[PDB]
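Participant: experimental structure and sequence below.
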Amino acid sequence: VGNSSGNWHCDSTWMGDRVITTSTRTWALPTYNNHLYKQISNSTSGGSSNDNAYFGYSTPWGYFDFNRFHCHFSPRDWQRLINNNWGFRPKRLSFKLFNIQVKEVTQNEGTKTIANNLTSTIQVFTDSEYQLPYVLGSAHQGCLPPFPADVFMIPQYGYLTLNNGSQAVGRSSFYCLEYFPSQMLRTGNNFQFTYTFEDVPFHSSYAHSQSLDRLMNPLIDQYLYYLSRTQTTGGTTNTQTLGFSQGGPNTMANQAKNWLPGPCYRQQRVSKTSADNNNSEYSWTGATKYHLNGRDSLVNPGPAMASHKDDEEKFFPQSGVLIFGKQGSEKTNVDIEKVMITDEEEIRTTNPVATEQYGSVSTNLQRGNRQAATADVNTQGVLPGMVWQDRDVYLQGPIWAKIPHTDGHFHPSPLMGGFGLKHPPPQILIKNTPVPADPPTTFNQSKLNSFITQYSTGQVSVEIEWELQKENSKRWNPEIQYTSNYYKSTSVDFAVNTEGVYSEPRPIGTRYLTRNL
Amino acid sequence: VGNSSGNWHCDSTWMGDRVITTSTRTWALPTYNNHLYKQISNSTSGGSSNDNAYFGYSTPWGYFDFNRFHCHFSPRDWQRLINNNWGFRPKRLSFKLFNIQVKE
Amino acid sequence: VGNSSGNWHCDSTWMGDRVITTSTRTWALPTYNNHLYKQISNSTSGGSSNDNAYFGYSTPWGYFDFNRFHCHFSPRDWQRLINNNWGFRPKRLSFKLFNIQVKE
Ligand SMILES: CO[C@H]1O[C@H](COS(=O)(=O)O)[C@@H](O[C@@H]2O[C@@H](C(=O)O)[C@@H](O[C@H]3O[C@H](COS(=O)(=O)O)[C@@H](O[C@@H]4O[C@H](C(=O)O)[C@@H](O[C@H]5O[C@H](COS(=O)(=O)O)[C@@H](O)[C@H](O)[C@H]5NS(=O)(=O)O)[C@H](O)[C@H]4O)[C@H](OS(=O)(=O)O)[C@H]3NS(=O)(=O)O)[C@H](O)[C@H]2OS(=O)(=O)O)[C@H](O)[C@H]1NS(=O)(=O)O
């Protein structure tokens, strides 16, 4: 009661090959659903179409979500990681919950009184067996804020199950979170928890300096021929023939290659200048969307592909990018100066542009009378010989995602970026233990529905150790570093304004340093 | 005062030949009879026939009753016990009372 | 000649983490192709289209095929495996052939 449970550690430590980023924050937990598990469906949320239909449950539990890069790295630390390392991956995590206070608010006569209840507890358990629906990795809100000065409130845990419209099917499951071994904590008690990440590939935080279709020696020809000429060129009567040429420094497009660009699933190309777009509502009609059990879902951000070709910054794939929102930006139909559209153009070297055909394939058998026809390949699954890069990471974006427990998954790297994990950091769930108001003086079999209004607060630390892969570039000229532009501004970037509101002006990725292909 | 007395264990463990079902709950105890032992009879409850006649005492004490199968088994655990076993019987019990608060 | 070669084992054993399903059966083997290897083709089977065309050989040999789940599991054993386990895979196999009689 009169002794702190922990201290405030919120700094990074660089040990050459690794970096340990600690981050403490203050949280607040209200009582959700008034301590009840309520069944929710698309009909309770005000009904919807069949594509938006759902069936799940709300629970009285809140959960901690530190699955974003800005909860761990400061804008400076991120820049020191982005400009010097070629890859990075997390090694171990260490979550701690302390300095717990369970305040009891009693609203009597318009006058609000908040007093601490020293004997009240909170339950907090971590599902280490992944027996509960994993909700993190869906890019939801409620993360430790990016700025350490502010306090956040803990999001409410709710899960979904199978549905047939707004109804439940036979296999729909109901999970009671009270059926797990929680750990009651009064003020004075603390919660410590450690976790060590499985072996996941380093995140390639570099761009390639060579294009996958220009990996030859521009001074030498090949010893391999290709159909160069099919028709004797002129006379007056040019006829059918067969001429073969050797690929050379002038026919780089016709040369023979060993590899192919990564897979594709074509996207619609919209312009940031609305005057260049067709005047129709194609936000849903012209979108690329997978079909699953009769209902359509937006492929967004979809698999990994370049945003635009050379010199076309104005164009972005309709769904193929991560769009973050500037500070304070609303929720609905916000305009384009209220969001920050990421630019995945550094992978145009290996991955095909999201808004263009993958290739062209012959669709018939040319003959004396039939001539050579060809089609455009919009969707192209992997093939032996393909090579591609994964989506970037974004200091504001997600860190990991749980690889779904299926018996088949190809290249389980999350489409939103990050590290795909089969055993991701577990979900730390926490709620305020109910404290009933004065019960009747005569026995009533009915469950007590009157409770003492309370909420808890306290601090939370999260230490993560990251393994780095230092850059050993033997390049001669200088590289492209991330730098704060030297020009004078009204307010510093990644700093608080004159009202104390912290804001991240732009989305920072990792691909700055270059490397050969 | 500033330290919990116990934790929340409410799950079953299956060890092949036995199953241990734990179940934690939160209770509330009011003051009964205003701390008095009162003599009760069928006449105090508003009289009755001779078949419903009685004579007993009310006490200020409450009592814990976990004598029902649903206090221990969840509908799923009960189904896993009902579909696979031919018989079952209880072996040992372990009651615990903690995190006590006496509000005024 | 006057002594059996083996016994009839045809039951399953559940050891918690694994199940051993034994299954004995009686077979009969006739003489195929009259002891000859004959070349067969779609034309010998009465000709066909190009999609059904083939070329292979018939042999005088028979072969044992226990590649079906019902050769090992009984409808009850299969239900006891289907309702309680999340996955299963085979670990080892043990084939035995006995009590041979060559009737003429
Ligand atoms: C939409 O369908 C319609 O059009 C399509 C094509 O148009 S499209 O692509 O724009 O959609 C037609 O489909 C194409 O043509 C089909 C067809 O004509 O039947 C068919 O062609 C393939 O098979 C044909 C017959 O082959 S056979 O082995 O079954 O006989 C074939 O044409 C025949 O060529 C042979 C040949 O050149 O050998 C001819 O045989 C003659 O010569 C042989 C050898 O000559 S030699 O000198 O003696 O050595 C002799 O052995 C033979 O006795 C002799 N026959 S004889 O009767 O003239 O005496 C034969 O006569 C020809 O009919 C096609 O080859 S080709 O030579 O015509 O180029 C062959 N395809 S190919 O070789 O890859 O070109 C296919 O289904 C299809 O082929 S395609 O090239 O991909 O287009 C479709 O039939 C038509 N149907 S419709 O809409 O209902 O009218």
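Facilitator: Perfect, thanks for sending it. Residues are numbered from 1 along each chain as shown, chains lettered A, B, ... in the order given.

Participant: how about the helices in chain A?
Facilitator: Using DSSP state H, the helices of chain A run over A:75-82.

Participant: any idea how far the residue of chain A found nearest chain C lies from residue C:19?
Facilitator: Residue nearest to chain C within chain A: residue A:407 (8.8 Å; C-beta to the nearest C-beta). (C-beta placed from N, C-alpha, C; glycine too.) Separation of residue A:407 from residue C:19 (C-beta to C-beta, to the nearest Å) stands at 21 Å.

Participant: between these two, who's got more neighbours?
Facilitator: residue C:19 (16 against 5; other C-beta atoms under 10 Å in any protein chain shown).

Participant: which one is the more buried one nearest to, not counting chain neighbours?
Facilitator: Spatial nearest neighbour of residue C:19, chain neighbours left out: residue C:12 (5.8 Å); criterion: C-beta to C-beta, 6 or more residues apart in numbering or on different chains.

Participant: ok, now which ones touch that neighbour?
Facilitator: Neighbouring residues of residue C:12 by C-beta atoms under 8 Å, 6 or more residues apart in numbering or on different chains: C:19, C:20, C:21, C:22, C:73, C:74, C:77.

Participant: pretty sure the fifth one is touching residue C:21, no?
Facilitator: Which is residue C:73. Yes. The pair residue C:73 / residue C:21 is scored as a contact, 5.9 Å apart, by C-beta atoms under 8 Å.

Participant: partners of residue A:229 in the sheet?
Facilitator: Residues in a beta bridge with residue A:229, per DSSP bridges, are residue A:243.

Participant: would you pull up the residue in the stretch 351-500 of chain A closest to the ligand?
Facilitator: residue A:365 (4.4 Å; C-beta to the nearest ligand atom).

Participant: again with the stretch 1-150 of chain A
Facilitator: Counting by C-beta to the nearest ligand atom, the stretch 1-150 of chain A gets nearest to the ligand through residue A:51 (39.1 Å).

Participant: so the strand ranked longest in chain A versus helix A:75-82, what angle?
Facilitator: If you go by DSSP state E, chain A has its longest strand at strand A:85-108. In terms of direction (axes from the mean of the first three to the mean of the last three C-alpha atoms, to 10 degrees), strand A:85-108 departs from helix A:75-82 by 150 degrees.

Participant: adjacent strands (with direction) for strand A:85-108?
Facilitator: Neighbouring strands of strand A:85-108 in its sheet, by DSSP bridges, are strand A:111-116 (antiparallel), strand A:191-196 (antiparallel), strand A:203-204 (antiparallel), strand A:454-470 (antiparallel).

Participant: could you export it as PDB, CA atoms only?
Facilitator: The C-alpha atoms that make up strand A:85-108 are tabulated as PDB, following Å, rounded to 0.1, in the frame of the first residue of the first chain:
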ATOM      1  CA  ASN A  85      21.000  -2.200 -40.100                       C
ATOM      2  CA  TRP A  86      20.000  -4.600 -43.000                       C
ATOM      3  CA  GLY A  87      17.600  -6.700 -41.000                       C
ATOM      4  CA  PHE A  88      16.200  -7.100 -37.600                       C
ATOM      5  CA  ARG A  89      13.900  -9.500 -35.700                       C
ATOM      6  CA  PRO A  90      12.600  -9.800 -32.100                       C
ATOM      7  CA  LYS A  91      14.300 -12.200 -29.800                       C
ATOM      8  CA  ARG A  92      12.600 -12.000 -26.400                       C
ATOM      9  CA  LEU A  93       9.800 -10.100 -24.700                       C
ATOM     10  CA  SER A  94       9.300  -9.100 -21.000                       C
ATOM     11  CA  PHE A  95       6.000  -7.700 -20.000                       C
ATOM     12  CA  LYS A  96       5.400  -6.300 -16.500                       C
ATOM     13  CA  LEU A  97       2.400  -4.800 -14.800                       C
ATOM     14  CA  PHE A  98       2.700  -2.700 -11.600                       C
ATOM     15  CA  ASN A  99       1.700   0.200  -9.400                       C
ATOM     16  CA  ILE A 100      -1.900  -0.900  -9.500                       C
ATOM     17  CA  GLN A 101      -4.700   1.300  -8.000                       C
ATOM     18  CA  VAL A 102      -8.300   0.300  -7.900                       C
ATOM     19  CA  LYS A 103     -10.200   3.600  -7.500                       C
ATOM     20  CA  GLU A 104     -13.900   3.400  -6.600                       C
ATOM     21  CA  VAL A 105     -16.000   6.200  -8.100                       C
ATOM     22  CA  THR A 106     -19.300   7.000  -6.200                       C
ATOM     23  CA  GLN A 107     -21.600   9.400  -7.900                       C
ATOM     24  CA  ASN A 108     -23.900  10.900  -5.300                       C
END
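
Participant: gap between it and the chain center?
Facilitator: A distance of 20 Å separates the centroid of the chain from that of strand A:85-108, by C-alpha atoms, centre = their mean, to the nearest Å.

Participant: before we move on, what about stretch A:329-337?
Facilitator: 20 Å.

Participant: one more: stretch A:487-494?
Facilitator: Here stretch A:487-494 is found 28 Å from its chain centre; the criterion is C-alpha atoms, centre = their mean.

Participant: same question, stretch A:454-466
Facilitator: How far stretch A:454-466 lies from its chain's middle: 22 Å, per C-alpha atoms, centre = their mean.

Participant: please export the C-alpha coordinates of it as PDB.
Facilitator: The C-alpha trace of stretch A:454-466 is given here as PDB (Å, rounded to 0.1, in the frame of the first residue of the first chain):
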ATOM      1  CA  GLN A 454     -14.800   1.100 -10.000                       C
ATOM      2  CA  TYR A 455     -11.900   1.200 -12.400                       C
ATOM      3  CA  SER A 456      -8.200   0.500 -12.000                       C
ATOM      4  CA  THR A 457      -5.100   2.300 -13.200                       C
ATOM      5  CA  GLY A 458      -1.400   1.600 -12.900                       C
ATOM      6  CA  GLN A 459       1.800   1.300 -15.100                       C
ATOM      7  CA  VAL A 460       2.800  -1.300 -17.600                       C
ATOM      8  CA  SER A 461       6.300  -2.000 -19.000                       C
ATOM      9  CA  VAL A 462       7.200  -4.000 -22.100                       C
ATOM     10  CA  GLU A 463      10.800  -4.800 -22.800                       C
ATOM     11  CA  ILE A 464      11.800  -6.300 -26.200                       C
ATOM     12  CA  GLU A 465      15.200  -7.500 -27.300                       C
ATOM     13  CA  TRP A 466      15.800  -7.200 -31.000                       C
END
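
Participant: all good on my end, thank you.
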